[PDB]
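Undergrad: Next up, my_file00.txt (compact mmCIF, C-alpha atoms and all ligand atoms).
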```txt
# COMPACT_ATOMS: atom_id res chain seq x y z
CA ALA A 1 -67.49 227.07 -115.08
CA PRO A 2 -66.93 227.92 -111.36
CA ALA A 3 -66.09 231.58 -110.72
CA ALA A 4 -62.74 230.65 -109.25
CA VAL A 5 -60.71 227.42 -108.63
CA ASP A 6 -57.37 226.99 -106.82
CA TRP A 7 -56.03 223.45 -106.90
CA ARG A 8 -53.38 224.33 -104.30
CA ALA A 9 -56.15 224.86 -101.78
CA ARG A 10 -57.52 221.39 -102.64
CA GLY A 11 -54.15 219.77 -101.74
CA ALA A 12 -53.49 218.73 -105.40
CA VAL A 13 -50.19 220.55 -105.94
CA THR A 14 -46.72 219.62 -104.65
CA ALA A 15 -44.13 222.14 -103.45
CA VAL A 16 -42.53 224.65 -105.89
CA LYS A 17 -39.29 223.35 -107.41
CA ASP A 18 -36.01 224.70 -108.64
CA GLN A 19 -34.93 223.59 -112.10
CA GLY A 20 -31.52 225.13 -111.42
CA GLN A 21 -29.16 226.05 -114.29
CA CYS A 22 -30.86 223.70 -116.73
CA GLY A 23 -33.57 224.30 -119.43
CA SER A 24 -35.65 221.42 -117.93
CA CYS A 25 -38.81 223.60 -117.52
CA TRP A 26 -40.72 221.26 -119.91
CA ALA A 27 -40.05 218.30 -117.55
CA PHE A 28 -41.16 220.23 -114.47
CA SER A 29 -44.37 221.28 -116.33
CA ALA A 30 -45.15 217.72 -117.48
CA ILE A 31 -44.27 216.03 -114.07
CA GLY A 32 -46.19 218.71 -112.06
CA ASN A 33 -49.21 217.92 -114.26
CA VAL A 34 -48.84 214.13 -113.74
CA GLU A 35 -48.46 214.64 -109.95
CA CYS A 36 -51.72 216.54 -109.80
CA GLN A 37 -53.64 214.16 -112.15
CA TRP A 38 -52.46 211.13 -110.09
CA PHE A 39 -53.71 212.73 -106.81
CA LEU A 40 -57.03 213.66 -108.45
CA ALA A 41 -57.58 210.00 -109.52
CA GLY A 42 -57.76 209.14 -105.71
CA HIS A 43 -54.06 208.35 -105.09
CA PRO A 44 -51.92 210.05 -102.34
CA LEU A 45 -50.08 213.18 -103.55
CA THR A 46 -46.71 211.75 -104.58
CA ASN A 47 -43.49 213.50 -105.61
CA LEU A 48 -42.45 212.34 -109.09
CA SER A 49 -39.24 212.46 -111.13
CA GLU A 50 -38.26 215.16 -113.64
CA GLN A 51 -34.81 213.50 -113.88
CA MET A 52 -36.50 210.46 -115.50
CA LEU A 53 -37.57 212.68 -118.36
CA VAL A 54 -34.43 214.87 -118.56
CA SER A 55 -32.17 211.77 -118.68
CA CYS A 56 -34.28 209.16 -120.48
CA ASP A 57 -36.69 210.89 -122.74
CA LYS A 58 -34.60 211.14 -125.96
CA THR A 59 -37.35 212.75 -128.00
CA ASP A 60 -36.68 215.90 -125.94
CA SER A 61 -33.33 217.59 -125.34
CA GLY A 62 -32.64 217.48 -121.70
CA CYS A 63 -31.17 220.79 -120.32
CA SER A 64 -31.59 222.26 -123.83
CA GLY A 65 -35.36 222.07 -123.78
CA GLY A 66 -38.35 219.96 -124.83
CA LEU A 67 -42.14 219.83 -125.24
CA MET A 68 -44.55 218.59 -122.54
CA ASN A 69 -46.61 216.84 -125.25
CA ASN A 70 -43.44 214.90 -126.28
CA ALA A 71 -42.83 214.02 -122.64
CA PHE A 72 -46.33 212.63 -122.21
CA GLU A 73 -45.96 210.60 -125.47
CA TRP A 74 -42.59 209.23 -124.29
CA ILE A 75 -44.00 208.19 -120.92
CA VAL A 76 -46.92 206.34 -122.58
CA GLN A 77 -45.32 205.01 -125.77
CA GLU A 78 -41.83 204.19 -124.46
CA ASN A 79 -42.15 203.71 -120.69
CA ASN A 80 -45.44 201.84 -120.44
CA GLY A 81 -47.06 204.86 -118.71
CA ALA A 82 -44.68 204.78 -115.76
CA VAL A 83 -43.39 207.87 -113.92
CA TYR A 84 -40.84 207.20 -111.23
CA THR A 85 -40.83 208.71 -107.70
CA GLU A 86 -38.55 211.62 -107.00
CA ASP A 87 -37.06 209.79 -104.09
CA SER A 88 -36.00 206.87 -106.25
CA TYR A 89 -34.80 209.03 -109.14
CA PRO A 90 -33.83 212.38 -107.69
CA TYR A 91 -33.15 215.55 -109.64
CA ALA A 92 -29.47 215.79 -110.53
CA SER A 93 -29.33 218.34 -113.33
CA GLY A 94 -29.34 221.60 -111.29
CA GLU A 95 -25.79 222.56 -112.50
CA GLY A 96 -26.71 221.89 -116.12
CA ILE A 97 -25.43 218.39 -116.60
CA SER A 98 -27.92 215.53 -116.72
CA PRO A 99 -26.61 212.08 -115.69
CA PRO A 100 -27.13 209.28 -118.26
CA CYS A 101 -30.39 207.40 -118.24
CA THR A 102 -30.52 204.55 -115.71
CA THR A 103 -33.37 202.07 -116.01
CA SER A 104 -32.97 199.85 -113.03
CA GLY A 105 -33.34 200.80 -109.29
CA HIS A 106 -36.23 203.25 -109.70
CA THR A 107 -39.71 202.89 -108.20
CA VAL A 108 -42.87 203.68 -110.14
CA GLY A 109 -44.87 206.46 -108.44
CA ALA A 110 -47.68 206.98 -110.96
CA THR A 111 -48.98 205.60 -114.23
CA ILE A 112 -50.64 207.47 -117.06
CA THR A 113 -52.55 206.06 -120.04
CA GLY A 114 -52.40 208.98 -122.51
CA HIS A 115 -52.71 212.77 -122.69
CA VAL A 116 -55.14 215.29 -124.13
CA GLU A 117 -54.23 218.37 -126.11
CA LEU A 118 -56.77 221.04 -125.17
CA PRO A 119 -58.43 223.65 -127.43
CA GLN A 120 -56.67 226.94 -128.04
CA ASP A 121 -59.41 228.66 -126.02
CA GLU A 122 -59.03 230.08 -122.55
CA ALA A 123 -62.64 229.54 -121.54
CA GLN A 124 -62.54 225.88 -122.57
CA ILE A 125 -59.17 225.38 -120.79
CA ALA A 126 -60.59 226.89 -117.62
CA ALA A 127 -63.72 224.75 -117.73
CA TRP A 128 -61.57 221.65 -118.29
CA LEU A 129 -59.29 222.65 -115.43
CA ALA A 130 -62.20 223.12 -113.00
CA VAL A 131 -63.43 219.54 -113.58
CA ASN A 132 -60.11 217.74 -114.26
CA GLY A 133 -57.31 219.59 -112.58
CA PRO A 134 -54.10 221.45 -113.40
CA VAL A 135 -53.01 221.81 -116.99
CA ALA A 136 -49.47 221.93 -118.46
CA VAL A 137 -49.03 225.03 -120.73
CA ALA A 138 -46.30 226.44 -122.89
CA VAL A 139 -45.84 230.20 -122.50
CA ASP A 140 -43.59 233.03 -123.62
CA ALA A 141 -41.85 233.83 -120.28
CA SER A 142 -39.24 236.11 -121.73
CA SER A 143 -40.85 239.10 -119.94
CA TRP A 144 -40.98 237.33 -116.58
CA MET A 145 -37.52 238.27 -115.43
CA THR A 146 -38.52 241.26 -113.33
CA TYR A 147 -41.90 239.93 -112.06
CA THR A 148 -42.34 240.16 -108.33
CA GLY A 149 -46.14 240.03 -107.90
CA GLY A 150 -49.52 241.21 -109.06
CA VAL A 151 -51.60 240.30 -112.14
CA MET A 152 -49.51 240.67 -115.26
CA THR A 153 -51.39 242.47 -118.03
CA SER A 154 -48.47 243.27 -120.51
CA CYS A 155 -46.84 239.84 -120.92
CA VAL A 156 -44.73 239.72 -124.11
CA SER A 157 -46.66 237.16 -126.12
CA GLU A 158 -44.45 236.27 -129.08
CA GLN A 159 -42.63 232.93 -128.83
CA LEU A 160 -43.29 229.84 -126.69
CA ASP A 161 -40.12 229.38 -124.75
CA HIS A 162 -41.14 227.93 -121.33
CA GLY A 163 -43.41 225.30 -119.76
CA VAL A 164 -45.36 225.84 -116.57
CA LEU A 165 -48.51 224.55 -114.81
CA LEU A 166 -51.90 226.22 -114.63
CA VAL A 167 -53.21 225.47 -111.09
CA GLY A 168 -56.29 227.77 -110.94
CA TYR A 169 -58.01 230.92 -112.05
CA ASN A 170 -60.22 233.66 -110.66
CA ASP A 171 -62.93 235.16 -112.96
CA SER A 172 -64.39 237.30 -110.03
CA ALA A 173 -61.31 239.55 -109.55
CA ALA A 174 -61.14 243.09 -110.89
CA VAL A 175 -58.61 241.76 -113.34
CA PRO A 176 -59.47 238.07 -113.99
CA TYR A 177 -56.35 235.92 -113.77
CA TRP A 178 -54.74 232.49 -114.14
CA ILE A 179 -52.58 231.11 -111.25
CA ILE A 180 -49.37 229.50 -112.61
CA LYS A 181 -46.84 227.35 -110.86
CA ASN A 182 -43.31 228.10 -111.99
CA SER A 183 -40.11 226.09 -111.28
CA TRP A 184 -37.72 228.96 -110.31
CA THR A 185 -37.89 228.43 -106.53
CA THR A 186 -40.26 229.99 -104.02
CA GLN A 187 -38.19 233.17 -104.00
CA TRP A 188 -39.46 234.11 -107.44
CA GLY A 189 -42.82 235.80 -107.94
CA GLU A 190 -45.62 235.09 -105.42
CA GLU A 191 -43.99 232.25 -103.44
CA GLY A 192 -43.00 230.65 -106.75
CA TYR A 193 -46.28 231.40 -108.61
CA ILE A 194 -47.29 234.11 -111.07
CA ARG A 195 -50.77 235.46 -111.85
CA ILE A 196 -51.29 236.53 -115.49
CA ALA A 197 -54.44 238.13 -116.69
CA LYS A 198 -57.00 235.73 -118.16
CA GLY A 199 -58.86 236.31 -121.41
CA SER A 200 -56.26 238.04 -123.61
CA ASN A 201 -53.90 235.09 -124.35
CA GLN A 202 -51.27 236.60 -122.05
CA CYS A 203 -47.87 234.91 -122.76
CA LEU A 204 -49.63 232.77 -125.46
CA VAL A 205 -51.04 230.66 -122.56
CA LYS A 206 -53.83 229.13 -124.68
CA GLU A 207 -51.57 227.88 -127.46
CA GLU A 208 -50.22 224.53 -126.23
CA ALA A 209 -52.22 223.39 -123.19
CA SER A 210 -52.36 219.70 -122.33
CA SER A 211 -52.71 217.14 -119.55
CA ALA A 212 -51.78 213.55 -118.81
CA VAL A 213 -54.74 211.14 -118.41
CA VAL A 214 -54.75 208.66 -115.42
CA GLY A 215 -56.87 205.50 -115.89
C1 LIG A 301 -37.16 226.06 -120.16
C2 LIG A 301 -37.46 227.55 -120.10
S1 LIG A 301 -36.44 228.35 -118.87
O1 LIG A 301 -37.01 228.09 -117.56
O2 LIG A 301 -35.06 227.91 -119.06
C3 LIG A 301 -36.55 230.07 -119.30
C4 LIG A 301 -37.70 230.63 -119.71
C5 LIG A 301 -37.78 232.01 -120.05
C6 LIG A 301 -36.62 232.77 -119.84
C7 LIG A 301 -35.42 232.23 -119.37
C8 LIG A 301 -35.38 230.82 -119.12
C9 LIG A 301 -36.64 225.57 -121.49
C10 LIG A 301 -35.29 226.27 -121.84
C11 LIG A 301 -34.62 225.47 -123.03
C12 LIG A 301 -33.30 226.10 -123.50
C13 LIG A 301 -32.16 226.07 -122.65
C14 LIG A 301 -30.91 226.67 -123.04
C15 LIG A 301 -30.93 227.27 -124.30
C16 LIG A 301 -31.97 227.26 -125.18
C17 LIG A 301 -33.27 226.65 -124.79
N1 LIG A 301 -37.59 225.78 -122.54
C18 LIG A 301 -38.18 224.76 -123.22
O3 LIG A 301 -37.91 223.56 -122.93
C19 LIG A 301 -39.20 225.07 -124.31
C20 LIG A 301 -40.64 224.91 -123.73
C21 LIG A 301 -41.75 225.54 -124.64
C22 LIG A 301 -42.23 224.62 -125.63
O4 LIG A 301 -43.20 225.33 -126.41
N2 LIG A 301 -43.84 224.57 -127.26
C23 LIG A 301 -43.52 224.64 -128.63
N3 LIG A 301 -42.46 225.53 -128.90
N4 LIG A 301 -44.19 223.97 -129.56
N5 LIG A 301 -38.95 224.26 -125.48
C24 LIG A 301 -37.68 224.52 -126.08
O5 LIG A 301 -36.92 225.38 -125.66
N6 LIG A 301 -37.30 223.67 -127.06
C25 LIG A 301 -36.02 223.86 -127.72
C26 LIG A 301 -35.80 223.14 -128.97
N7 LIG A 301 -36.32 221.78 -128.92
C27 LIG A 301 -35.49 220.61 -129.29
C28 LIG A 301 -37.46 221.57 -128.02
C29 LIG A 301 -38.22 222.80 -127.64
```
Kindly present the structure from the file in structure tokens form.

TA:
Amino acid sequence: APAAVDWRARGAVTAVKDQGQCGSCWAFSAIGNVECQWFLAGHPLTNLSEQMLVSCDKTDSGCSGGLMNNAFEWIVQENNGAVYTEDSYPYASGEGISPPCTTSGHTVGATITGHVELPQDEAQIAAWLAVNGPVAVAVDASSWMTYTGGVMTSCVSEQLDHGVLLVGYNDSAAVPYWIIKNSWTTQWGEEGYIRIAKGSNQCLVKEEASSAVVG
């Protein structure tokens, strides 16, 4: 695989978001992934809707949590692959209350055909990411509350409790790391991102990695 890849530098990643006071991390992980996959299939980088999933995806639980692999299955099996634009279905759950699902008046921003569940293997995830783009991952982020910067090498790695987006890695650094996009505003971490060390299943990062497929 390449020594280092940063999809932000390649213009594949939209701005860091704020999930607010709502456990909608899984929707920000899954939508961030679809945004990147849609741009990498040759479309313009387009802002897509987490509210679609928080309100309409009833296989997940809204502000009380979900799975990115369920979100991708809902989009494909129940919504004919469609993911609406943010502008036409804006986020409304930042105080913890999701409006009811609305079907009409929203504009499709991207379409996906399926998703792939990647191996529980950091080297294979990195090689996949270098060729195919950012990857949604579940992590244990319980020890992330004090993180301000640097490469984390003591992440508590016990229970998957959060969903985030792998946007790159660097195997050349003194401590090899993953670059992760979080959804806790740009004030948190390194302008909204965290680096965790790569190769020791920090935060259980290898355990539930996946991506939407475009085309
Ligand atoms: C988002 C995490 S967060 O940003 O709120 C957070 C992370 C770490 C520390 C503090 C806060 C949500 C929070 C869901 C929530 C909200 C209120 C109370 C209880 C739970 N986390 C998830 O959506 C989480 C994502 C990881 C999925 O991992 N994969 C597997 N476990 N296979 N999923 C869940 O929390 N749920 C909850 C129960 N379900 C119905 C779905 C999965």

Undergrad: Can you find the residues with an atom no farther than 10 Å from (-29.4, 209.2, -114.9), counting all atoms listed in the file, and report them as a list in words?

TA: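 The answer, in the requested form, is residues 51, 52, 53, 54, 55, 56, 89, 90, 91, 92, 93, 98, 99, 100, 101, 102 and 103 of chain A.
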
Undergrad: Contacts of segment 155-167 of chain A at 9 Å or less, counting only C-alpha atoms, minus same-chain residues fewer than 2 places along, as number ranges by chain?

TA: A: 5-8, 12-13, 23-30, 32-33, 65-68, 129, 133-144, 152-153, 169, 178-183, 196-197, 201-205, 207-208

Undergrad: Using all atoms listed in the file, pick whichever of A:77, A:82, A:21, A:57 has the shortest atom-to-atom distance to ligand LIG 301 (chain A).

TA: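 Using all atoms listed in the file, the shortest distance to ligand LIG 301 (chain A) belongs to A:21.
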
Undergrad: Nearest residue to residue 212 of chain A out of A:110, A:3, A:9, A:61, using all atoms listed in the file?

TA: A:110

Undergrad: How many Å separate atom CA of residue 215 of chain A from atom CA of residue 15 of chain A?

TA: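 Separation of atom CA of residue 215 of chain A and atom CA of residue 15 of chain A: 24.4 Å.
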